[PDB]
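Chemist: Quick one: this structure, given as structure tokens, is what I'll be asking you about.
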Amino acid sequence: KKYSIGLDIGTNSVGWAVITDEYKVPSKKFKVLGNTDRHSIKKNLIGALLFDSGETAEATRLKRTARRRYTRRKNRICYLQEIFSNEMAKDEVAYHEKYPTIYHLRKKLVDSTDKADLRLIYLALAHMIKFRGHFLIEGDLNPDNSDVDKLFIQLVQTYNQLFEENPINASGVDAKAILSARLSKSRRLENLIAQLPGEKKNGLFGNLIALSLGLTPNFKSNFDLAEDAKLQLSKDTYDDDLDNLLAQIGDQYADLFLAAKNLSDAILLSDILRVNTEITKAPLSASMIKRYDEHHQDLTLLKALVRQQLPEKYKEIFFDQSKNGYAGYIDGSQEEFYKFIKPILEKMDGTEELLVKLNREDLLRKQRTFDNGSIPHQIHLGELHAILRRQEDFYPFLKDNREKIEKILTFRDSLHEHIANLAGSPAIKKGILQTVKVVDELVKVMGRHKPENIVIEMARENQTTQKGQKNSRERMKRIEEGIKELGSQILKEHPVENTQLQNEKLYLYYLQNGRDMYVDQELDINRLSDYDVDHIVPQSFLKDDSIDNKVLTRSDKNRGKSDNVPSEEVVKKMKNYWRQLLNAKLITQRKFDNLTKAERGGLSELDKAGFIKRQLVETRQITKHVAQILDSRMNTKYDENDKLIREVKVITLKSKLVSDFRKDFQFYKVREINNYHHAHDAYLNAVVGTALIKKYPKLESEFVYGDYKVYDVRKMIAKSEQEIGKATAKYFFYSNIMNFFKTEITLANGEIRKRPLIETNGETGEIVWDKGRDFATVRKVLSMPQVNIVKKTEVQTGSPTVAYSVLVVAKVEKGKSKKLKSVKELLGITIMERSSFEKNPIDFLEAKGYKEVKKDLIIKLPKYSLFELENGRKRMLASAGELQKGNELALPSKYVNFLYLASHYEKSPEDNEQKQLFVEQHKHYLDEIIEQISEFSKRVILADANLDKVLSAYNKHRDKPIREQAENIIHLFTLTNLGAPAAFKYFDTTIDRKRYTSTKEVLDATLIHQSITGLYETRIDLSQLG
RNA sequence: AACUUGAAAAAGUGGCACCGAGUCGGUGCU
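Numbered according to PDB author numbering, the first sequence spans residues 3 to 92, 124 to 365, 368 to 447, 718 to 1103, 1136 to 1244, 1248 to 1366.
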């Protein structure tokens, strides 16, 4: 029946789940293949994939290759050729002299009505297609996507969204005037950095500006890399250098680097259109002609000049090609030639405009110089359109194939290269491929029936404790800068430490300068518990738990009685204090605006629309790309028109929606317990996406992928909360889009508003949410103990390295008599011998010395091959002599929630104290979890020394506080965790890794070949082979 | 992953409801 899919995509996992119209995950009878007596199994349609990053065949296939670059280039050339040659089917000295560059022919073809040579116009168009530029901007060029001003604004907004703490605010800056100025790149960088007080070029933003200008920044000092990273936009190695950089630093900065690239493109476009003599012209080719004219004029001038003052060294400059001459520059670079010629210009007297052309990097430039491939393809399509309008009457074929050649130029399964030509670490590409084929397997499981909904969310990487100090460093820098700006010795009277600043209450206490933000008397240092946290924009309107929307006060009642932002009574008293905090750079401008919004009318309709945008729209570009890939692969049907019918709808959300859902409705997640959390996140993805999509059908263009009818906010918002709600077609007065799950909504005044127990759409009368039954369903699904976890098996390609272990039965010679005895061994195939192994295994094994090898059961065992043994314990084949743990401890959701609450004990007061009481009441859950993990370890782990040592440690440490107990149980879960054993630390005792050096047991165990979703199983009984 | 057809690019194979839940079990149907 009707169902949907949720996805939680990361660099190491792909979570998936399927929910029906009642938000239940189906269970199905799945066939089991192999040579056992078990021919069926019950499986839950929820699970997750795991895959460790590394070098593999797929990893190499996902790498950018000049080979595919060049082959699709020749393909484009072949299309254009075939066209022009079919048209044809149905001198060099003159060409060189009157066409010194292809750009000359470009411009004269754009601006000439006379008949031109067919081979020459063919060459021009072939150049157009072969060098077409990037597709980073969608649609036709307009000021909206061209102006350097707003594109710089987009870059700074992207940076601010990428941080949202310690941001940079640029409103009075004149980006067009600064960047568009015709000067040197270094001086332009200096001038731009001068206008932003906060940072310099050495910083991330300074280096991004330098890259957008055209310099060669290094990100070593910025991102703490042990290996230097040089990035040049003109270099052809920029793509792979950026890929490696993002692999080292994280994949969330791809949008930042793309925004910098777009700013550079805007700079190039503004400079190239700067010389626009005629509107109906081709600015690119025209400025190229002007550049070549400057080249020729300066060449002739220098030839004449080296003669008057000094005829000598004329050979060294023009003919030698000896060390670094101008002929050397035309023979191979720019900075090298500049360095060579700088002493010449310093020595030569009366130097002039040649110098300004040199240091402005516009002197004697070649045809294909740096910053020429960055031109967008819209310039080329407009140029071709002008060409076709010029030559429309002569050639009927170009009139016939206008749209044909346009679509050939603009058109961009080829999944591997499609994902390779992207912006991300060479692990997210593998993860996206995993996701695509997981969805393929799921839709094949459901009998080629397509889902109604596919929710997409990129799993946020957990803090690796390396970034846990980075944010502390920036917050200490911010607080010291602000406190120095003000002058109150608060840190002198009460010093703090980076770690201590992770407490939200203390951080807000210091951001409010140790003084109450609403009431004019000093706050008590040693009485922080009695204080409360207030949200400037109430959660009933906006879900924002960051520092930007948090303040600290003695009582929430001081904000006033109204449900909007605080009244003007306290504003009049504390305007000076708020202004001082703004000038200290401790409080951001957006925070100040949301503070003073009452004086500007209060919360407005445009603000509510913007809050919907912030809570509902996804900005991360790779998410749009993966949604595009999935939608294109999913919906392939059209109608008589040229519009795509959307039978399957691709749904995109943020990580904050599901996180807040879990926090609000006690579907808590602890990822280290087992690998079920990816699947649970996918399930919540599907549930939330389906519920939102059925509750609000007119918000498609906000988050759903596709070309829908754009909508406005007037039809979305009711005039009054009570007098208009439940009486009109307006969906919501409250901009917190998460409302319809809640049965009770707390307001800013305290009135707890109630909403119907069952949720339905007014327009179609379709019930969407029954708050009791659906909640019980979600709890049951999260408590379901069978979730499919699969670790990807891969062959290693590229102390020898073993490609894969091989399982073989053969004969060996034992003893002096050389009597043949039956033998069963685990043999490892190194990378070097792998090719010969596939070439001739029988001969290869005979050479190694095995006799009477049966070709039938020579079994290929990749890495992490799963083995199941007595009592269902599982082991994975790590190497030819080591094994890894292969089981999952399915802990009930009651202990899962207990572990979450106990671990986050310290991190509304009523629900907080209720949760604290719930934690304190259930002390026996600690011993229950200990018993559960002990029995699971006896069942599957079989490391008696580790079990008894850790049990002794727990018995010694029984009376310690519950928070520490729960955290150390979380650490203890390492013993039962999937994969390779690793040492873990309890309160004081360290339990070393129990390596599975013995590997003879898997020779008689049961091998299981898992599919990517884990639903299709092939279980082979190895003991029967012999 | 595994299985089958192919030199290769590449194509194909895993029934449906209910009651349940310790890594899935049980019942009806086919």
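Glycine included, each C-beta is placed from N, C-alpha and C at the ideal position.
Assuming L222 and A293 are in contact, meaning their beta carbons sit under 8 Å apart, how far apart are those beta carbons, in whole angstroms?
Modeler: As a first step, residue 222 must be located in the first sequence, where it is residue number 189. As a first step, residue 293 must be located in the first sequence, where it is residue number 260. In fact, because the Cβ distance is near 13 Å, the residues do not count as touching under 8 Å.
Chemist: Flag this pair as touching only if the stretch 1194-1203 and the stretch 1289-1300 have three or more C-beta atom pairs under 8 Å; answer yes or no.
Modeler: No: the two stretches stay apart, fewer than three of their Cβ pairs being nearer than 8 Å.
Chemist: Report the rounded CA-to-CA distance for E1207 versus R1359, giving the unit in angstroms.
Modeler: Here residue 1207 refers to the residue found at position 870 of the first sequence. Here residue 1359 refers to the residue found at position 1019 of the first sequence. Spanning the two alpha carbons is a distance of roughly 14 Å.
Chemist: Tell me, please, whether the stretch 1008-1025 touches the stretch 911-931 by the rule of three or more beta-carbon pairs shorter than 8 Å.
Modeler: Yes, they touch.
Chemist: Jot down the residue ranges of each uninterrupted beta strand (DSSP E) in the stretch 16-47, minimum 3 residues, whole runs only, in chain order.
Modeler: Segments of the beta strand (DSSP E) lying fully in the stretch 16-47: 29-36 and 42-46.
Chemist: For the putative contact between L195 and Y286, defined by C-beta atoms under 8 Å, what is the C-beta separation to the nearest angstrom?
Modeler: Locating residue 195 in the first sequence gives position 162, where the first residue counts as 1. Locating residue 286 in the first sequence gives position 253, where the first residue counts as 1. Yes, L195 and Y286 are in contact; Cβ-Cβ is about 7 Å, under 8 Å.
Chemist: Can you tell me whether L1315 is helix, strand or coil according to DSSP?
Modeler: Looking up residue 1315 in the first sequence gives position 975. Three-state result, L1315: coil.
Chemist: What's the gap between the Cα of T928 and the Cα of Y132?
Modeler: Counting from 1 along the first sequence, the entry for residue 928 is found at position 623. Counting from 1 along the first sequence, the entry for residue 132 is found at position 99. Between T928 and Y132, the C-alpha separation is close to 46 Å.
Chemist: Assign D986 to one of two classes, buried (16 or more other C-beta atoms within 10 Å of its C-beta) or exposed (fewer than that).
Modeler: Position 681 of the first sequence, counted from the first residue, corresponds to residue 986. Answer is buried; the Cβ neighbour count reaches 16.
Chemist: Return the chain-ordered list of same chain residues with a C-beta closer than 6 Å to the C-beta of residue 1393, the five sequence neighbours on each side being excluded.
Modeler: Beyond the ends of the chain as shown, which are 3 and 1366, falls residue 1393; an answer cannot be given.
Chemist: Can you find the residues in the same chain that come closer than 6 Å, C-beta to C-beta, to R976, ignoring five residues on each side of it along the sequence?
Modeler: Counting from 1 along the first sequence, the entry for residue 976 is found at position 671. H982.
Chemist: I need the DSSP call for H167, collapsed to helix, strand or coil.
Modeler: As a working note, residue 167 is residue 134 in the first sequence. Three-state DSSP puts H167 in a strand.
Chemist: My output table needs one value for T740: the three-state DSSP class, helix, strand or coil.
Modeler: If you number the first sequence from 1, residue 740 lands on position 435. Three-state DSSP puts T740 in a helix.
Chemist: Is the CB-CB distance between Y973 and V1233 below 8 Å?
Modeler: As a working note, residue 973 is residue 668 in the first sequence. As a working note, residue 1233 is residue 896 in the first sequence. In contact: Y973 and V1233 (Cβ atoms closer than 8 Å).
Chemist: Compare the C-alpha of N1224 against each of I162, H129, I1348 and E84 and name the closest.
Modeler: Here residue 1224 refers to the residue found at position 887 of the first sequence. Considering only alpha carbons, the answer is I1348.
Chemist: My understanding is that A732 touches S55, with C-beta atoms under 8 Å, so please give their C-beta distance in whole angstroms.
Modeler: As a first step, residue 732 must be located in the first sequence, where it is residue number 427. As a first step, residue 55 must be located in the first sequence, where it is residue number 53. Correct: roughly 4 Å between the Cβ atoms.
Chemist: With DSSP collapsed to three states, give me the class of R1212.
Modeler: By one-based count along the first sequence, residue 1212 stands at place 875. DSSP places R1212 in strand when its eight states are reduced to three.
Chemist: What residue does the alpha helix (DSSP H) around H328 start on, and which one ends it?
Modeler: For this step, residue 328 is matched to residue 295 along the first sequence. Taken as a continuous stretch (DSSP letters only), the alpha helix (DSSP H) holding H328 covers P316 to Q341.
Chemist: Can you tell me whether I998 is helix, strand or coil according to DSSP?
Modeler: If you number the first sequence from 1, residue 998 lands on position 693. Of the three classes helix, strand and coil, the one that applies to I998 here is helix, per DSSP.
Chemist: Can you tell me whether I1057 is buried or exposed, with buried defined as 16 or more other CB within 10 angstroms of its CB?
Modeler: Position 752 of the first sequence holds residue 1057. Classification of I1057: exposed, given that the 10 Å Cβ count is below 16.
Chemist: Go through its chain and collect everything with a Cβ distance to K755's Cβ below 7 Å, but skip five positions before and after it.
Modeler: The residue labelled residue 755 in the question sits at position 450 within the first sequence. Here the set comprises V748, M939, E952 and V953.
Chemist: DSSP puts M763 in a beta bridge; with which residues?
Modeler: The residue labelled residue 763 in the question sits at position 458 within the first sequence. DSSP output for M763 lists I11 as bridge partner(s).
Chemist: If I measure Cβ to Cβ from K878 and keep anything under 8 Å in the same chain, skipping five residues before and after, which residues do I get?
Modeler: Taking the first residue of the first sequence as 1, we reach residue 878 at position 573. Only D825 meet the Cβ criterion.
Chemist: Give the list of continuous beta strand (DSSP E) stretches no shorter than 3 residues that lie fully inside the stretch 741-815.
Modeler: Counting whole runs of 3 or more residues, the stretch 741-815 contains the beta strand (DSSP E) stretches 758-763.
Chemist: Beta strand (DSSP E) containing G1165: first to last residue?
Modeler: Your numbering for residue 1165 matches position 828 in the first sequence. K1156 to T1167 is the extent of the beta strand (DSSP E) around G1165.
Chemist: In this structure, how does DSSP classify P344 when only helix, strand and coil are distinguished?
Modeler: Here residue 344 refers to the residue found at position 311 of the first sequence. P344: coil per DSSP, three-state reduction.
Chemist: Pick from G1070, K253 and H41: whose alpha carbon is nearest that of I282?
Modeler: Indexing the first sequence from 1 puts residue 282 at position 249. Ranking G1070, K253 and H41 by Cα distance to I282 puts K253 first.
Chemist: To the nearest angstrom, report how far apart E441 and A725 are at their CA atoms.
Modeler: One-based indexing of the first sequence puts residue 441 at position 406. One-based indexing of the first sequence puts residue 725 at position 420. C-alpha separation (whole angstroms): 25 Å.
Chemist: Please return the same chain residues whose Cβ sits closer than 7 Å to the Cβ of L296, not counting the five positions on each side in sequence.
Modeler: Your numbering for residue 296 matches position 263 in the first sequence. Hits under 7 Å: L184, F185, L188 and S245.
Chemist: Among the candidates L398, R400 and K346, whose CA atom is the shortest distance from the CA of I379?
Modeler: Start at 1 with the first residue of the first sequence, and residue 379 comes out as number 344. The shortest C-alpha separation from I379 is found at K346.
Chemist: Less than 8 Å between the C-beta atoms of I737 and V955, yes or no?
Modeler: Residue 737 sits at position 432 when you count from the first residue of the first sequence. Residue 955 sits at position 650 when you count from the first residue of the first sequence. For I737 and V955, no; Cβs fall outside 8 Å.
Chemist: Just to confirm my understanding: we take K1325, look at its own chain, exclude 5 residues before and 5 after, and list those with CB closer than 7 Å. What are they?
Modeler: Counted from its first residue, the first sequence places residue 1325 at position 985. So the qualifying residues of the chain are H1311.
Chemist: What do you get for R324, buried or exposed, if any count of 16 or more other CB atoms within 10 angstroms of its CB means buried?
Modeler: By 1-based counting over the first sequence, the position of residue 324 is 291. Buried.
Chemist: Along the chain, where does the beta strand (DSSP E) that runs through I1094 open and close?
Modeler: Stepping through the first sequence from its first residue, residue 1094 is reached at position 789. Residues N1093 to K1096.
Chemist: Per the contact definition of three or more C-beta pairs closer than 8 Å, is the stretch 964-971 in contact with the stretch 772-781?
Modeler: Cβ pair count under 8 Å is below three, so no.
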